[PDB]
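So the structure is just underneath, and the comments pick up after that.
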Amino acid sequence: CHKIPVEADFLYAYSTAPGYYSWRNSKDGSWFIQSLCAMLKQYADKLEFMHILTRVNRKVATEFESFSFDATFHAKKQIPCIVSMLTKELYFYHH
Amino acid sequence: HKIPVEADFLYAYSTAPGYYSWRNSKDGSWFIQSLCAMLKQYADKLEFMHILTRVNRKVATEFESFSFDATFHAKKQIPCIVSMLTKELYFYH
Amino acid sequence: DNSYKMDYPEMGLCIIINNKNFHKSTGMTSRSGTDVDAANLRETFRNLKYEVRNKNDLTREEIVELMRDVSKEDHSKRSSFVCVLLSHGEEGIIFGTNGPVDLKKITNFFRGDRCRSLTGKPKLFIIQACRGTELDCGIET
Amino acid sequence: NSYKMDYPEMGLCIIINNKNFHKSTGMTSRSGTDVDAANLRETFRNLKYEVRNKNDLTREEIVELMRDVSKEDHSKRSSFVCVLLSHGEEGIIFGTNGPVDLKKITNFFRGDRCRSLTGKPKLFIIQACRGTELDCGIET
Amino acid sequence: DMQX
Amino acid sequence: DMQX
């Protein structure tokens, strides 16, 4: 018989890399979620999901840097982490 | 101004966290086998994540273990793409 | 066959678990900004035609039971599944208001064999949470 | 947006191929891995990578190899590829004589510890176990 | 900016 | 088929 792995077709879109802090702004929300929503909104009508998640990686990595009165938490950066067990391309639209 | 020091890495794992990875004594491992073939077939057209996705599909659908040991018989495998990339990766220019 | 079938009658559910307030007994401070996330998410997936369900401040037990129930739904006419988790966490862990639960136990409900009506369908987990206490100092470009 | 891949050199492709392990470790000979190594070597040569195959490396040689490679000058290189073929556990790959944290290997190429790769794609391809669970699969 |  |  034809089977598929039971772990196939999962996509885990983590906001940060393994072992790291994730950053959240009190007024604007988390870096990752604000970036994810903006990229979905701008591109979900035409880009495949991995590519969209790749624009989110770039936005979080380039447009955000932490500001903190505590030097230990000041000027930090974040990269999100795409974990894909997907087996096909994902488009949030249909023709 | 600054980029994360963890950015622009891609980790192409042959299997999911916590799992075994399968290797055939004669043909090679399922993942490498499938990776070389997709690269061979698509590296001149497809972005690299798309290629790794097709690799995911190849491993998931076309392999299943055979063993006289029922413990290891009829088992399946899915690879696991971990991307911190910030841009599209084409192997051509 | 290079693309998931997304023309089922429904796009699918989008469960958003928004944990903002934690028991003292965890030493986790209020997650200010999370409601902006939860609302953004709700509107974003509504536009993508997902059946959004927002839940707020769930204990670990409630997260597990909620996820069990959802995975026991009949998703036959749904193209996909999305779960968004907004909370404190550690590597491999998401926090309920009263403590940690393994992400593995949450995602296992949707495995290809224990959720048959999502077999073959994309199952997306969006996780806004810490995965430890490393800090990235970045590098100038 | 995509990585600039028109630098003079595509970059290095380092293949570590561990087949035979010291008895102390007690692991099986990784039969079939030579087919893997040669396949990779040809595949990446075809993509115009500078392939360097290494075989039966101790945990010490793997770490020194990665450091020396990270200390090279990748300025005219578009990218970096490392392929690990060996036994492993979650987060670990094995040298012929024992385990090494993958993180120890990839940290040499961090954006601040390897500047001539800063901003360029760093690919790690890992064929090795991540624990002992088996996927029974599901019929479709 | 806070940490999660 | 064997395991890595």
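Taken together, the values in this text are just the output of simple stated rules run on the coordinates, not laboratory data. Because the Cβ atoms are built from the backbone with ideal geometry, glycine has one as well, and the counts that use them run over all protein chains shown.
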Quiz prompt | Calculated [θ] (222 nm, deg cm²/dmol) that DSSP helices of n ≥ 4 give over chain A, each run adding -39,500 (n - 2.57) | solution = -9500 deg cm²/dmol
Quiz item: DSSP loop trypsin sites (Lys or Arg not before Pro) in segment B:37-93 with at most 15 other Cβ atoms within 10 Å of their Cβ, which ones?
Solution: B:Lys45
Exercise. Convert each backbone phi in segment D:54-59 into a coupling constant with the Karplus relation 6.51 cos²θ - 1.76 cosθ + 1.60 (shift: θ = phi - 60°), then list the ³J(HN,Hα) values in order as whole Hz, x for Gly and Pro.
Key: 10, 10, 6, 8, 5, 4
Practice problem: Go through B:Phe31, B:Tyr42, B:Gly18 and say which Cα lies farthest out towards the positive end of the charge dipole of segment B:5-72; charges sit on Cβ, +1 for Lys and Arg, -1 for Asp and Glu. | Solution: B:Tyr42
Practice problem: For D:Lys19, list the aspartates and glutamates whose Cα falls under 13 Å from its own Cα; do not include residues on the same chain fewer than 8 positions away. | Solution: D:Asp34, D:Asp36, D:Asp56
Quiz item: Got a sec to turn the phi values of segment B:3-16 into Karplus ³J(HN,Hα) couplings, 6.51 cos²θ - 1.76 cosθ + 1.60 with θ = phi - 60°, whole Hz, x for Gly and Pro?
Solution: 10, x, 6, 9, 6, 6, 9, 10, 10, 9, 7, 6, 8, 6
Quiz item: Say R0 is 45 Å: what FRET efficiency, to the nearest 0.05, do C:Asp102 and D:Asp68 get from their beta-carbon distance?
Solution: 0.70
Practice problem: Within the set of other residues whose C-beta is less than 10 Å from the C-beta of D:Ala128, count the net charge using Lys and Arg as +1 and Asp and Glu as -1. | Solution: +2
Quiz item: Taking the DSSP beta bridges in chain D as the whole, what percent of them are antiparallel, to the nearest 5?
Solution: 25
Quiz item: Per-residue ellipticity at 222 nm for chain C, helices alone: DSSP H runs ≥ 4 residues times -39500 (n - 2.57), over residue total, nearest 500 deg cm²/dmol?
Solution: -7000 deg cm²/dmol
Practice problem: Would you mind giving the mean number of other chain beta-carbons within 10 Å of the Cβ of each residue in D:43-51, as a whole number? | Solution: 3
Exercise. Before anything else, pin down the relative contact order of chain D: Cα pairs under 8 Å, at least 6 apart, normalised by residue count, whole percent.
Key: 30
Quiz item: How far is helix A:31-43 tilted off the main Cα axis of chain A, in degrees rounded to 10, range 0 to 90?
Solution: 50
Quiz item: Normalised by the residues of chain A, what does the relative contact order come to in percent, with Cα pairs under 8 Å and at least six apart?
Solution: 41
Quiz item: How many partner chain Cβ atoms sit within 10 Å of a residue's Cβ in peptide C:59-65, on average, as a whole number?
Solution: 0
Self-check item: Distance between modelled label sites at B:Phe68 and A:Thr62, nm, 7 Å Cα→Cβ extension
Solution: 5.9
Quiz prompt | Square roots of 5 times each gyration tensor eigenvalue, C-alpha, chain D, largest first, Å | solution = 27, 18, 15
Practice problem: Rounded to the nearest 10 degrees, what's the angle between the helix C:34-47 long axis and the longest principal axis of chain C, both from Cα atoms, 0 to 90? | Solution: 10
Practice problem: With a point put 7 Å past each Cα toward its Cβ, work out how far D:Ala38 is from C:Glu140 in nm, to one decimal. | Solution: 5.1
Quiz item: Residues of A:70-81, mean number of Cβ from any other protein chain within 10 Å of their own Cβ, rounded to a whole number?
Solution: 6
Quiz item: Longest span of chain C, sites excluded, free of trypsin sites (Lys or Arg not before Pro) in DSSP loop with at most 12 other C-beta atoms within 10 Å?
Solution: C:1-71
Quiz prompt | Net charge of Cβ neighbours under 13 Å - reference A:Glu48; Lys, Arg +1; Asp, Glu -1 | solution = 0
Quiz item: Once the other residues with Cβ under 12 Å from the Cβ of C:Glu65 are scored (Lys, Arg +1; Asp, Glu -1), what is the net sum?
Solution: +2
Self-check item: Cβ-placed point charges (K, R +1; D, E -1), dipole of the protein assembly as shown about Cα centre in debye, nearest 20
Solution: 400
Exercise. Return the loop-located GluC sites (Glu not before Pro) in segment C:64-104 (DSSP other than H, G, I, E, B) with at most 16 other Cβ atoms within 10 Å of their own Cβ; answer none if there are none.
Key: C:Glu73, C:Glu91
Quiz item: Given the pairs A:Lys27/B:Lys45; B:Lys26/C:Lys104; B:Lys76/C:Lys105; B:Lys75/C:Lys72, which are separated by over 31 angstrom at their Cα positions?
Solution: A:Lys27/B:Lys45; B:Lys26/C:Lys104
